[PDB]
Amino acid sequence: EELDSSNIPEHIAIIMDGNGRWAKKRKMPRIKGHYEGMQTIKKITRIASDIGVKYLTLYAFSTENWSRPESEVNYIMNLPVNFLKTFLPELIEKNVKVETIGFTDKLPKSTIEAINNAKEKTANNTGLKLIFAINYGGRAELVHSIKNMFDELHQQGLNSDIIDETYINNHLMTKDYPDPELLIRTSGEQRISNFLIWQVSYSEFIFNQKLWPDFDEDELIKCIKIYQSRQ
């Protein structure tokens, strides 16, 4: 039917794929697609907020070569620095709370500052939680969470008997958020590329054909409608 405003997913996760491809189709360097992709983030953040989404996890990843995803994980163009610097005022006004998951400790000093300022300035907002997965990988997340949990247990002198599914959820970088009911990936590529592998165990998947730069509010609504129709 039409968009059911009373069944809007609390948490939508999106792999923003297509910036490079979009640029290449127009014989332009990837930076042009990176810029347009940034505009898509603004559009999607506003509409998500306006329809009731409470958590939005975005993973910047551009499929260049299907067999080389490692090149994207820590690539500068997958950073939301430009977005945060040019849209922060709006985020603040829109009651959006900025957060991040991933390994950011080794990012450029000026990058850490930009991200921290964004968080600090929106720390008190109570609306949509805009979560950027930066230099993130599900396997790396688990490996990291496993190491800590082990030390946390040994330090406290305990056995592995307390380790269960719930324990793991509370020790992932996503411990403060419910798992996404819906995972969307643009461009038509159908993989989760090591993104929230544990968290999307029960998520509904939607592989949207449009390139991230062309993805818009209308398309988002359509994805949620599909989500609602599939029950």
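Residue numbers here begin at 1 and follow the sequence given.
The stretch 58-66 shows the higher mean C-alpha B-factor when 180-188 is compared against 58-66 in the entry. Mean C-alpha B-factor is higher over 155-163 than over the other stretch, the pair under comparison being 134-142 and 155-163. Within the selection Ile101, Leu107, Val98, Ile76, the deposited Cα B-factor values reach their highest point at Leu107.
Annotation for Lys222, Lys25, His11, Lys210: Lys25 ranks highest, by Cα B-factor.
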